[PDB]
Colleague: 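Quick one: the structure is below, questions incoming.
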Amino acid sequence: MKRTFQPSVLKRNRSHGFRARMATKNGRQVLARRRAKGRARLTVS
Amino acid sequence: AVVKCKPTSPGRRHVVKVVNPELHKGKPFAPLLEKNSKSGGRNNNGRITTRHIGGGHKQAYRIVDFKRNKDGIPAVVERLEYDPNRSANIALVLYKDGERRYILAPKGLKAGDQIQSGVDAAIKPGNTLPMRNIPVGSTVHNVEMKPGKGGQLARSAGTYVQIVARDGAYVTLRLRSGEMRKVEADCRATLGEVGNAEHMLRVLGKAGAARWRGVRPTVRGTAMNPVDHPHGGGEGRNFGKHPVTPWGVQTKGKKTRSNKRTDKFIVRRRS
Amino acid sequence: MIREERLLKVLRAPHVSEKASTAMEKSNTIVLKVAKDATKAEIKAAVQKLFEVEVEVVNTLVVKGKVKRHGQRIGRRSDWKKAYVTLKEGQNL
RNA sequence: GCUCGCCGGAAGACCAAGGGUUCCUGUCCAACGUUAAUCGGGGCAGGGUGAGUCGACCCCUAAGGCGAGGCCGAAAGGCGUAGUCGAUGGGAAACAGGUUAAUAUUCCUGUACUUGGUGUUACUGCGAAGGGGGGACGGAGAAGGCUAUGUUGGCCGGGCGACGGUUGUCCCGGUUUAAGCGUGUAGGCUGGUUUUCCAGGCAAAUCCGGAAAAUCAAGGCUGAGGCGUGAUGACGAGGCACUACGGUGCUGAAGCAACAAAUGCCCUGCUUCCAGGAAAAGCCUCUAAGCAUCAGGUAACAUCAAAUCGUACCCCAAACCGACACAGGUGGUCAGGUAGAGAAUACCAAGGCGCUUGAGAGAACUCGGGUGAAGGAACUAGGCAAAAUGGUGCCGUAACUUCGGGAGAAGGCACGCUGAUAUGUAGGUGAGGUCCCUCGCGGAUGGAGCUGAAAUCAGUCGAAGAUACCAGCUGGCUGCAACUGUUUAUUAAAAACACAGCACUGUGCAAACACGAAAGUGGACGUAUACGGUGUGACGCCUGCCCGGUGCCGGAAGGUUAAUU
RNA sequence: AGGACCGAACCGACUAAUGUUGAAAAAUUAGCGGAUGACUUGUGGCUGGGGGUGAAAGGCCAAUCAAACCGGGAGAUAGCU
Ligand SMILES: [K+]
Ligand SMILES: [K+]
Ligand SMILES: [K+]
Ligand SMILES: [K+]
Ligand SMILES: [K+]
Ligand SMILES: [K+]
Ligand SMILES: [K+]
Ligand SMILES: [K+]
Ligand SMILES: [K+]
Ligand SMILES: [K+]
Ligand SMILES: [K+]
Ligand SMILES: [K+]
Ligand SMILES: [K+]
Ligand SMILES: [K+]
Ligand SMILES: [K+]
Ligand SMILES: [K+]
Ligand SMILES: [K+]
Ligand SMILES: [Mg+2]
Ligand SMILES: [Mg+2]
Ligand SMILES: [Mg+2]
Ligand SMILES: [Mg+2]
Ligand SMILES: [Mg+2]
Ligand SMILES: [Mg+2]
Ligand SMILES: [Mg+2]
Ligand SMILES: [Mg+2]
Ligand SMILES: [Mg+2]
Ligand SMILES: [Mg+2]
Ligand SMILES: [Mg+2]
Ligand SMILES: [Mg+2]
Ligand SMILES: [Mg+2]
Ligand SMILES: [Mg+2]
Ligand SMILES: [Mg+2]
Ligand SMILES: [Mg+2]
Ligand SMILES: [Mg+2]
Ligand SMILES: [Mg+2]
Ligand SMILES: [Mg+2]
Ligand SMILES: [Mg+2]
Ligand SMILES: [Mg+2]
Ligand SMILES: [Mg+2]
Ligand SMILES: [Mg+2]
Ligand SMILES: [Mg+2]
Ligand SMILES: [Mg+2]
Ligand SMILES: [Mg+2]
Ligand SMILES: [Mg+2]
Ligand SMILES: [Mg+2]
Ligand SMILES: [Mg+2]
Ligand SMILES: [Mg+2]
Ligand SMILES: [Mg+2]
Ligand SMILES: [Mg+2]
Ligand SMILES: [Mg+2]
Ligand SMILES: [Mg+2]
Ligand SMILES: [Mg+2]
Ligand SMILES: [Mg+2]
Ligand SMILES: [Mg+2]
Ligand SMILES: [Mg+2]
Ligand SMILES: [Mg+2]
Ligand SMILES: [Mg+2]
Ligand SMILES: [Mg+2]
Ligand SMILES: [Mg+2]
Ligand SMILES: [Mg+2]
Ligand SMILES: [Mg+2]
Ligand SMILES: [Mg+2]
Ligand SMILES: [Mg+2]
Ligand SMILES: [Mg+2]
Ligand SMILES: [Mg+2]
Ligand SMILES: [Mg+2]
Ligand SMILES: [Mg+2]
Ligand SMILES: [Mg+2]
Ligand SMILES: [Mg+2]
Ligand SMILES: [Mg+2]
Ligand SMILES: [Mg+2]
Ligand SMILES: [Mg+2]
Ligand SMILES: [Mg+2]
Ligand SMILES: [Mg+2]
Ligand SMILES: [Mg+2]
Ligand SMILES: [Mg+2]
Ligand SMILES: [Mg+2]
Ligand SMILES: [Mg+2]
Ligand SMILES: [Mg+2]
Ligand SMILES: [Mg+2]
C-alpha cells in the first residue's frame, strides 16, 4: 500500500531546507532554537 | 441553427446544439490572442472565493475592441469566429489602413459588411456613435457607462439596450434587466442587437457538458451537516428554517444592493 | 597562463593500480591524484611543466570517499580527484 | 557439470525518482542471514565511475514564488510594480565496432558533427531594451506510403544420426553492418514575380499589414523511406591452437531475394467536431538612436576553445516507500516465435529464476483442489458457495418503447482432418521482357515468382472437432433512483451525493457575493441569453386551497423610541 | 458520433473464503465494476486548524479528526478511583 513518506529531495529542500528556514522570522526562530539546543544538524540540508 | 441530437446514448438524448455554419473553422487571428489561465475560483490568498469553478477546456483570450474609437476609417468584416470567453460570437474586421481588430458580432452582420465608428457614422448595425448622435428609440448594444471607457452593457448573446429618452447631458436606457438607467449622452453605443440569440436554446444534455465549461457540482445546503451550512442536519429530509446562503443571509427575496454613489443614475429598478 | 605556484600544488600523487598500469602500457596514459579544485587546463599545464612531457588530453573524475567504521564510530574518507592524462605518442615518461 | 521444473507485455532488459558503495577482487564466519554456510546486499582490506556531442549547470519561459521603489497594516507583517527566480515544457552537436574483474554514445579504432573566439582573403549598411515573422501547440477519426521486425526461399558452412527409416521435397546454424555526407521519392501545404501607393504595426522600416495595376502560368516551402557513399573497412558460422579449463589467441565462408508487417515514422499532416486547444527565448527579418571609406555584416580558409558537476551499483525491488532479505506500493522505455482479434491466454526464445530450514510419515481436523450412485434448492435469513453458460458464421428473435432501443432477447444449425473444384482458387504483391518518355526514385503493358482467405462437393477418425487455456447463465413480475458518474482511505456503494432539466430569488458593474483589520484579490479581462444563492432533479401528464403564524418585499399618515440638546 | 457496447493495460472495490500474536496496523485467492472520460497518471505549485478542502460520508488534512501535530500556560482542575 502507498505509505505517507514519498521522498523528493527538491520538495524536502523547498519545504524544510536552510534557505526556506531563513526566509521567515518564524523559520529563523526554528534555527535559533536548534542552535540553542546544540543540534548537530540544523536542517534537512 | 438549433439541432436536436438523436438518442443513440442516454447522455445524447436531451442534447440541443447551436450549430452556426458561418463561423470560421480555422484558427483565430494570432496577434489578437493572449493566454488566460484558470483560477478555480481562488483568489490571491489561494482560497475559494467563488464556489463551483474548476476544470473545463483550455481557452485563449481574444482581445475584443469594446472601445470602438478608431473613428472615420471604414472596416470590412473578414469573418465571424467562435470566442470561448463569451456567449456572443466575434467578428474579425479589417480597417482600410490595414489594422485588424475583433468586435462583438451584431445580429445580421456577415463577411463583407462595412462598419464605421465616430460622430458621422451611418445609423447602421455594427456602427458605433456617441448616443447623442443615435436617434431616440434605437436598439443598441455594447453601451459605455463612462465616455471613452469601453462598452460594458448589453454584451451577452442576443442582448440589447433601448434608448428611451434624451435629457440634456444624459440618455435614459432600458436595460435587458428591465431597469431604466441614466448614462451620459457622450457614451458610445453600437447599433443593433448582439448576435447569436439562439445561444439560450442550447440544452447541455449531460453532467459532463457543464464540466467542459468549467462548472463544478453544486451541493445543496440541506444535504450537508449543521457544521457545514445553516440548512444542514436532520434525520431524513428535514428543513424548518428560512432559506439562507452558506453564510446565513436570507436568499429568497432579501435585497442586497447597497450603492448610494450610483443610486442617482437609476431611474427605475427592474422590480 | 597559470602561475608556477598554482601548478606546483595541483598534482598530488601518481595513482597506483592495475587499471593505471594498463592505462600506461596500452594507451600511454598516466593516472594522477590531483587537487580537488584542479581543472583540466591546470592539470595539463602542470604535467607539461613539471614532468617535462607533452600532453594530448586530460580526462578527470571525482572519487567519492568511502564511509568506514573505526571501532564503533562512523567516519568518511575524503573525496578526491583522479586525472587520466594521455601523453603524446613518443614521450615515454 | 548433466538433468528436471518455473517466468517470459516478465519473475527479461534499460532508466527516472529514491537510495548511496549495496558495484568488482581478495580475505574472514563472531554477530547479521528466521536452518547449515566454505556462501552473502554481512565483517575487513584494496580496487572501480574517464564526455565539446548523454544529463546537469546554462539561455528561455508556465503554474507559482520572491519582490527595489510603492500601496496597505498596533508591531510582527500583507499585497504588489519594475524586476528576478521557478520545469513537469522550448533551446547547438556522435555514430558503429572493439575493450575492463569492475566505466563506457565518456577509453581505443574507424568515420563524423556543433557552437563560439582569434587571425587571413574577398565582397559588403551595419546597428535594439523597439516592430514583424517564427517558435506555437485540442479531441476524435480515416487511409495511403513506409520502416523496425518476422517468415520463407536462395546462398554459405557443418551434418548423414544410440531404435525402423533418413544423399533428400532431408537436418542444424549463419546470412549483420551506424551516424554522417550525397540524392530528392510516396505524401502534405501554398499561385508566383514586378511596379506604384497607404489614416495600421507607441517612432522608423527596404520588414509585416492594406490597396491598385503589369505579367506569367509553374515557382517555392515541407517530406518518411529508398538508393548511393560511409565500407578494399567492421562484424562474422565455425575451424585451428593453447588454457592458470576461468577464458583468450589465431583466422574466418555466405552476407542475397521475396513475402508479411506495427500501437513506430511520413504525421506539429489530412478529414472532422466543439468543449475552440501555453508562454518566452534561441532563430529569421525590419529599421531607430548611433557609427559613418572606422566598427560591424557575409562566405570560404586557417587556428584555438568548448570549462565545471553527474556517470559505480539497485531500480515493480533483498539496495526505493512499507520497523523485517515483509505475498503490499512505485512513473517512463523496449516488445521475438507458434496458436490467437489481441499487449488476453497457453506453450516457448533471448534472458532470468526454483522464492535461505530441511528429512520422513501418509491419523483426526483445518486449508486449497478433483470426482461422485439416486435425488435436485428438500439447504439457507437468502441458491451464500458451488455447479452452469461461454467462440465465430449463419438462421431467428416477444411485451414494451423516449423509435435509439429492448437484443447477444429467447432459440437453433454448422465447425476436426484429407482430397477435389484450384498440382494454391478469389484477393493481395509484383520480377524479367516489351512499349513510350515534358527524361526519373518515371509512367502504359505484362503476369514469372511470392503470399493467400472463404466456400462447395466427396471422403475419413473419435464418445466428443469453439476439444486445452480462454470464454455471456437465461427468462417472468415488482419497489427505488431517469441515465454515465460520486461517496463513509480501514465493517455502509446505496434508495445517499451529483447530474442535465425546472423554478424562485439576488445582482446595472467599483455587480451581488466571497477571502481579507486594510491594500487588494477572486467573481471576470465576464456584463442580465451574465454571474451568485436556494430548492427541485431526465422525460411524460401535472403541480390544487390557505398570507392567520414566522420570514421576505412594499408603505409611511399615526403611536412608541437612542445618542444629542 | 457517443459521460455508446464487449474486453486487457490502467483505475476501482460488489460477493465469498482465507488471514485475524497476519506474508500485510486493511492484504491474498476466485469471481466483480469502469475502461475516450464528469477518465487516469508523472513532475512541480496553491489552500492551514474554528481554518482548509469536501459530486456531502462530519469525509479527508502524513497509520491522528465533531476541531491536526509540536512546544508552551502546566504540577489546568479532578467533591472521583
Ligand atoms: K445539487
Ligand atoms: K436539512
Ligand atoms: K469540514
Ligand atoms: K438530513
Ligand atoms: K441523518
Ligand atoms: K542445517
Ligand atoms: K558537458
Ligand atoms: K556550470
Ligand atoms: K536414427
Ligand atoms: K546523429
Ligand atoms: K546511409
Ligand atoms: K557510467
Ligand atoms: K534510478
Ligand atoms: K429491479
Ligand atoms: K456501487
Ligand atoms: K404573512
Ligand atoms: K483546531
Ligand atoms: Mg454556483
Ligand atoms: Mg462562445
Ligand atoms: Mg468562460
Ligand atoms: Mg443546479
Ligand atoms: Mg448526511
Ligand atoms: Mg449552524
Ligand atoms: Mg422525517
Ligand atoms: Mg415538520
Ligand atoms: Mg577524450
Ligand atoms: Mg566528467
Ligand atoms: Mg558497506
Ligand atoms: Mg557483489
Ligand atoms: Mg546462522
Ligand atoms: Mg559451525
Ligand atoms: Mg559485502
Ligand atoms: Mg545535450
Ligand atoms: Mg510571475
Ligand atoms: Mg509579494
Ligand atoms: Mg519594500
Ligand atoms: Mg530565468
Ligand atoms: Mg525539464
Ligand atoms: Mg556494469
Ligand atoms: Mg490531436
Ligand atoms: Mg524491412
Ligand atoms: Mg553440403
Ligand atoms: Mg538406425
Ligand atoms: Mg535453413
Ligand atoms: Mg493505442
Ligand atoms: Mg551504469
Ligand atoms: Mg527470503
Ligand atoms: Mg517485496
Ligand atoms: Mg503501476
Ligand atoms: Mg506474443
Ligand atoms: Mg500473459
Ligand atoms: Mg492429506
Ligand atoms: Mg476439503
Ligand atoms: Mg467439482
Ligand atoms: Mg451426485
Ligand atoms: Mg462415472
Ligand atoms: Mg448422476
Ligand atoms: Mg433437474
Ligand atoms: Mg426452484
Ligand atoms: Mg426452502
Ligand atoms: Mg429448512
Ligand atoms: Mg454466487
Ligand atoms: Mg465455478
Ligand atoms: Mg413493496
Ligand atoms: Mg442511480
Ligand atoms: Mg454506475
Ligand atoms: Mg468503509
Ligand atoms: Mg464496501
Ligand atoms: Mg474587481
Ligand atoms: Mg432531492
Ligand atoms: Mg463507455
Ligand atoms: Mg474510492
Ligand atoms: Mg481481485
Ligand atoms: Mg456497463
Ligand atoms: Mg468494459
Ligand atoms: Mg450523520
Ligand atoms: Mg489519516
Ligand atoms: Mg475545541
Ligand atoms: Mg496556570
Ligand atoms: Mg495533573
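For the numbers below, each heavy atom of this structure counts, side chains included, while hydrogens, waters and symmetry mates do not. Residue numbering restarts at 1 for every chain, and letters A, B, ... go by the order of the sequence lines.
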Colleague: Which sugar class, north or south, is indicated for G383(D) by the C1'-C2'-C3'-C4' dihedral?
Modeller: south
Colleague: Taking only residues two or more places apart in sequence, or in another chain, which ones meet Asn85(B) in a side-chain hydrogen bond (donor to acceptor under 3.5 Å, both in side chains)?
Modeller: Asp83(B)
Colleague: For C256(D), give the paired nucleotide (Watson-Crick: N1-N3 plus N6-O4 or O6-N4; G-U: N1-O2 and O6-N3; both under 3.5 Å), or none.
Modeller: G153(D)
Colleague: Using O4'-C1'-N9-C4 for purines and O4'-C1'-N1-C2 for pyrimidines, with syn meaning within 90° of 0, is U488(D) syn or anti?
Modeller: syn
Colleague: Which residues, if any, of residues 262-271 of chain B bring a heavy atom under 4.0 Å of RNA chain D?
Modeller: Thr262(B), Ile266(B), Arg269(B), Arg270(B)
Colleague: For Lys68(C), which contact category applies under a 4.0 Å heavy-atom criterion: base, sugar-phosphate, or nothing?
Modeller: sugar-phosphate
Colleague: Using the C1'-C2'-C3'-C4' sign, is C216(D) on the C3'-endo (north) or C2'-endo (south) side?
Modeller: north
Colleague: Map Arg211(B) and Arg51(B) onto RNA chain E by nearest heavy atom, then report which one ends up closer to the 5' terminus.
Modeller: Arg211(B)
Colleague: I'd like to know if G424(D) and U490(D) make a pair - Watson-Crick or G-U wobble, with both distances under 3.5 Å.
Modeller: no
Colleague: What contact category does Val203(B) fall into here, base, sugar-phosphate, or nothing, at under 4.0 angstrom with non-hydrogen atoms?
Modeller: sugar-phosphate
Colleague: Could you tell me the Watson-Crick or G-U partner of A16(E), where both distances fall under 3.5 Å? Say none if there is no partner.
Modeller: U29(E)
Colleague: So what's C415(D) doing, north or south, if we go by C1'-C2'-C3'-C4' (plus is north, minus is south)?
Modeller: south
Colleague: Using a 5.0 Å cut-off (strictly under), name the groove whose base atoms touch the side chain of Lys252(B).
Modeller: minor
Colleague: With both key distances required to be under 3.5 Å, would you call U356(D) and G336(D) a Watson-Crick or wobble pair?
Modeller: no
Colleague: At a heavy-atom distance below 4.0 Å, which nucleotide of RNA chain D is the first touched by chain C, and which is the last?
Modeller: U21(D) to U311(D)
Colleague: Looking at RNA chain E, which of residues 21-31 of chain A put a heavy atom within less than 4.0 Å of it?
Modeller: none
Colleague: Mapping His57(B) and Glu99(B) to their closest nucleotides on RNA chain D, which lands nearer the 5' end?
Modeller: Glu99(B)
Colleague: For a quick check, with a 4.0 angstrom heavy-atom cut-off, what is the B/S/- contact string for nucleotides 44-49 of chain E, read 5' to 3'?
Modeller: SSSSSS
Colleague: Categorize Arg155(B) for me: base, sugar-phosphate, or nothing, with a 4.0 angstrom heavy-atom threshold over every strand shown.
Modeller: base
Colleague: Given 3.5 Å as the limit, does a donor-acceptor pair link the side chain of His231(B) with the main chain of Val244(B), or not?
Modeller: yes
Colleague: Tell me, please, if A444(D) and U434(D) meet the Watson-Crick or G-U wobble pairing rule with both distances under 3.5 Å?
Modeller: yes
Colleague: What nucleic acid atoms does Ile73(B) come within less than 4.0 Å of, heavy atoms only: base, sugar-phosphate, or nothing?
Modeller: base
Colleague: Give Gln59(B) one of three labels, base, sugar-phosphate or nothing, depending on what nucleic acid heavy atoms sit under 4.0 Å from its own.
Modeller: sugar-phosphate
Colleague: Identify whether the glycosidic angle of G269(D) places it syn (within 90° of 0) or anti.
Modeller: anti
Colleague: Once you apply the 3.5 Å cut-off to both distances, tell me the Watson-Crick or G-U wobble partner of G67(D), or none.
Modeller: none
Colleague: Applying a 4.0 Å non-hydrogen cut-off, can you work out what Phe5(A) is touching in the nucleic acid: base, sugar-phosphate, or nothing?
Modeller: sugar-phosphate
Colleague: Does the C1'-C2'-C3'-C4' torsion put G20(D) in the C3'-endo-side north group or the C2'-endo-side south group?
Modeller: south
Colleague: Watson-Crick or G-U wobble, both distances under 3.5 Å: is that what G145(D) and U84(D) have going on?
Modeller: no
Colleague: Hey, does the side chain of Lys64(C) reach the backbone of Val62(C) with a donor-acceptor pair shorter than 3.5 angstrom?
Modeller: yes
Colleague: Measure from the side-chain N and O atoms of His141(B) to the backbone N and O of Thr190(B), and report whether any donor-acceptor pair falls under 3.5 Å.
Modeller: yes
Colleague: Using both distances under 3.5 Å as the test, list the Watson-Crick or G-U wobble partner of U109(D), or none.
Modeller: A96(D)
Colleague: Identify whether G174(D) and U206(D) are a Watson-Crick or G-U wobble pair (both distances under 3.5 Å).
Modeller: no
Colleague: Got a salt bridge between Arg269(B) and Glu179(B), using NZ or NE/NH1/NH2 to carboxylate O under 4.0 Å?
Modeller: yes
Colleague: Could you tell me whether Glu179(B) contacts a base, only the sugar-phosphate backbone, or nothing, with contacts defined as non-hydrogen atoms closer than 4.0 Å?
Modeller: base
Colleague: Is the base of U222(D) syn or anti, if syn means a glycosidic angle within 90° of 0?
Modeller: anti
Colleague: Examine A458(D) and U418(D) and say if both key distances are under 3.5 Å for a Watson-Crick or a G-U wobble pair.
Modeller: yes
Colleague: Assuming nearest nucleotide by heavy-atom distance, tell me which of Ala30(B) and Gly208(B) is located more 5' along RNA chain D.
Modeller: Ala30(B)
Colleague: So what's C400(D) paired with, Watson-Crick or G-U wobble, going by both distances under 3.5 Å?
Modeller: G405(D)
Colleague: Provide the distance between the two P atoms, one in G476(D) and one in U488(D), to the nearest whole Å.
Modeller: 37 Å
Colleague: In residues 212-232 of chain B, which residues come under 4.0 Å of RNA chain D by heavy atom?
Modeller: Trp212(B), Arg213(B), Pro217(B), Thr218(B), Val219(B), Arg220(B), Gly221(B), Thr222(B), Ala223(B), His229(B), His231(B)
Colleague: May I ask which nucleotide in the shown strands pairs with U429(D), Watson-Crick or G-U wobble, both distances under 3.5 Å?
Modeller: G449(D)
Colleague: At 4.0 Å (heavy atoms only), tell me whether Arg86(B) reaches a base, stays on the sugar-phosphate, or touches nothing.
Modeller: sugar-phosphate
Colleague: Identify whether the glycosidic angle of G161(D) places it syn (within 90° of 0) or anti.
Modeller: syn
Colleague: Is the closest basic N to carboxylate O distance between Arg257(B) and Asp263(B) below 4.0 Å?
Modeller: yes
Colleague: Does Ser17(C) reach a base, just sugar-phosphate, or nothing at all? Heavy atoms under 4.0 Å.
Modeller: sugar-phosphate
Colleague: Return yes if some donor-acceptor pair links the side-chain N/O of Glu34(B) with the main-chain N/O of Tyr61(B) below 3.5 Å, else return no.
Modeller: no
Colleague: Under the criterion salt bridge (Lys or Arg N to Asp or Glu O under 4.0 Å), I'd like the reasoning laid out for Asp97(B) against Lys70(B): C-alpha separation, chi angles, the key distance, then a yes or no.
Modeller: CA-CA 11 Å; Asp97(B) 61 4; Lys70(B) 188 176 178 71; 2.7 Å; yes
Colleague: Please measure how far the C1' atom in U105(D) lies from the corresponding atom in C95(D), and state the result in whole Å.
Modeller: 7 Å
Colleague: So what does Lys149(B) hit on the nucleic acid, given a heavy-atom distance under 4.0 Å: a base, only sugar-phosphate, or nothing?
Modeller: sugar-phosphate
Colleague: Show your working on salt bridge (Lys or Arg N to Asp or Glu O under 4.0 Å) between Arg6(C) and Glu42(C) and close with a plain yes or no.
Modeller: CA-CA 8 Å; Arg6(C) 179 50 172 160; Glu42(C) 289 175 310; 2.7 Å; yes
Colleague: Report which part of the nucleic acid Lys19(C) touches: base, sugar-phosphate, or nothing (heavy-atom distance under 4.0 Å, all strands).
Modeller: base
Colleague: Both distances below 3.5 Å, Watson-Crick or wobble geometry, any strand: find the nucleotide opposite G322(D).
Modeller: none
Colleague: Could you check if the base of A10(D) is syn or anti? Syn means the glycosidic torsion is within 90 degrees of 0.
Modeller: syn
Colleague: When both hydrogen-bonding distances must be under 3.5 Å and the geometry is Watson-Crick or G-U wobble, what is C470(D) paired with, if anything?
Modeller: none
Colleague: Categorise the sugar of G390(D) by the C1'-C2'-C3'-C4' dihedral sign as either north or south.
Modeller: south
Colleague: Could you check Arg3(C) against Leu7(C) for side-chain contact (heavy atoms from CB on, under 4.5 Å), going step by step and ending with a plain yes or no?
Modeller: CA-CA 7 Å; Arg3(C) 294 185 62 199; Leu7(C) 298 184; over 6 Å; no
Colleague: Please tell me whether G52(D) and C365(D) form a Watson-Crick or G-U wobble pair, using a cut-off of 3.5 Å on both distances.
Modeller: no
Colleague: Within the 4.0 Å heavy-atom criterion, would you say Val244(B) contacts the bases, only the backbone, or no part of the nucleic acid?
Modeller: sugar-phosphate
Colleague: Using a cut-off of 4.0 Å on non-hydrogen atoms, how would the nucleic acid contact of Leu175(B) be classed: base, sugar-phosphate, or nothing?
Modeller: base
Colleague: Can we call the ring centroids of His24(B) and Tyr82(B) under 6.0 Å apart?
Modeller: no
Colleague: Report which part of the nucleic acid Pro243(B) touches: base, sugar-phosphate, or nothing (heavy-atom distance under 4.0 Å, all strands).
Modeller: sugar-phosphate
